[PDB]
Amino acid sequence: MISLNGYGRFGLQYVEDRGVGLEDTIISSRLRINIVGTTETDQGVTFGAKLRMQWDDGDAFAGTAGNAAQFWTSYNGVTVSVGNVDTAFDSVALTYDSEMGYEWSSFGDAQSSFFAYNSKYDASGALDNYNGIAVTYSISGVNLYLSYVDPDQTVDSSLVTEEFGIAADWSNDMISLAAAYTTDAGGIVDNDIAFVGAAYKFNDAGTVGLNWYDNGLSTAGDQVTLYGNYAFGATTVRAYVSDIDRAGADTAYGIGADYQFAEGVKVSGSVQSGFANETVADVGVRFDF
């Protein structure tokens, strides 16, 4: 069986004083199509393969292509994936929950470098022999994630830096906890990064959380992000504040809102301020199909 799914989004993206001779406000948009092939068996083992075709405004050649494939095998809550895999630091819960606006962005996201699923081709040639293995285990309320990425699998193993990641999250109706650790993140020797977060659903309607990171070799140093969101019917209001250890950095913050226009159609906007005083804003729509 083959299924197709995806989303389109478009809106306005503003970056205060973007550059000499550049418009500060542009129309930013994205089309994402996922192609998933799955083979179910009566033994209960499912096999799957996925390809993505994603276009973003500004993409070279005004064209769209597929990325590198991902393959998986699932059985009894356990999933093993190979190729262009989802990594542990990128898949744990809570770590991206301060994002807002129609492009799901936040200065409060981790300021470190690490491997993650590659949505597109890479013209530099750097990903040509990139290969990962990931294992996930979902055991009710608990999620475990393990990932191993070799950026160049054809070359002798001791000549390249491989990334090893581990993560777990846990939740009930009111509290959630999550932690992750990755050594040689992004294939950079000694770039060891870590995350610990927690969130409290202080209602049926609100949530408040705190994420802490060790950003490894990044110049940002350690980081803390405090965020919250509250739903009033179809409208959701979001906010965050984030601090990094880099000398002289400003406190980053953001405020945004979402409006659920219909099932699968969401209008979102945000106004945010960065660690170097950058001001960014956006307003747009995303529709899922």
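Residues carry their position along the shown sequence, with the first being 1.
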Q: Return whichever of 113-121 and 152-160 has the greater mean Cα B factor according to the PDB record.
A: 152-160
Q. Which is higher on average in the deposited entry, the C-alpha temperature factors of 205-213 or of 99-107?
A. 205-213
Q) Among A93, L127, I175, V80, which residue carries the highest C-alpha B-factor recorded in the PDB entry? A) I175
Q. When you compare the CA B-factors of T87, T73, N84, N76 as listed in the entry, which one comes out on top?
A. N76
Q) Lowest, middle or highest third: where is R18 by Cα B-factor in its chain? A) highest
Q: Please rank the C-alpha B-factors of the chain's modelled residues and tell me whether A252 sits in the lowest, middle or highest third.
A: middle
Q. For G48, does the deposited CA B-factor place it in the lowest, middle or highest third of the chain?
A. lowest
Q.
Taking only the Cα B-factors deposited for this chain, tell me whether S270 sits in the lowest, middle or highest third.
A. lowest
Q. In terms of the CA temperature factor given in the entry, to which third of its chain does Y230 belong: lowest, middle or highest?
A. highest
